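S.K.: Once you've seen the sequence and the experimental structure below, I've got questions.
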2 protein chains.
Amino acid sequence: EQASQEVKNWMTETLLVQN
Amino acid sequence: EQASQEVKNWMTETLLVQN
């Protein structure tokens, strides 16, 4: 599961800010 | 920095394998 609702939110937001 | 059941499973397993 590369991304999933909750996971997608963190994956994008978290990584988005980092990058 | 953040983990939640599903997120924890991926965060650990996914990152565990990577590292």
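M.R.: Perfect, I can see it now. Numbering: from 1, shown residues only, chains lettered A, B, ... in the order given.

S.K.: Secondary structure class of residue A:2, three-state.
M.R.: coil (DSSP: H, G, I helix; E, B strand; the rest coil).

S.K.: list the contacts for it?
M.R.: By Cβ atoms under 8 Å, 6 or more residues apart in numbering or on different chains, the contact list for residue A:2 reads residue A:11. No exception for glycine: its C-beta is placed from N, CA and C like everyone else's.

S.K.: any idea how far it is from residue A:12?
M.R.: Using Cβ to Cβ, to the nearest Å, residue A:2 is found at 11 Å from residue A:12.

S.K.: what does chain A have sitting close to chain B?
M.R.: A:1, A:4, A:6, A:7, A:10, A:14 (Cβ under 8 Å from any Cβ of the partner chain).

S.K.: now these: which count as buried?
M.R.: Buried by 16 or more other Cβ atoms under 10 Å in any protein chain shown: A:7, A:10, out of the residues of chain A next to chain B.

S.K.: Which residues are in contact with the residue of chain A found nearest chain B?
M.R.: Nearest residue of chain A to chain B (Cβ to the nearest Cβ) works out as residue A:7 at 5.5 Å. Going by Cβ under 8 Å, 6+ apart, residue A:7 touches A:1, B:6, B:7, B:10.

S.K.: biggest separation within those residues, which pair?
M.R.: The span of the contacts of residue A:7, defined through Cβ to Cβ, is set by A:1 and B:7 at 9.8 Å.

S.K.: a markdown table please, covering the residues of chain A next to chain B and showing distance to residue B:19.
M.R.: Below are these laid out as a markdown table (distance: Cβ to Cβ, whole Å):
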| residue | distance to residue B:19 |
| --- | --- |
| A:1 | 19 |
| A:4 | 22 |
| A:6 | 23 |
| A:7 | 19 |
| A:10 | 19 |
| A:14 | 17 |
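
S.K.: And the furthest pair within the residues of chain A next to chain B?
M.R.: Every pair of the residues of chain A next to chain B checked by Cβ to Cβ; the farthest is A:1 and A:14, at 15.5 Å.

S.K.: Residue A:12: what's it in contact with?
M.R.: residue A:3 are the contacts of residue A:12 under Cβ under 8 Å, 6+ apart.
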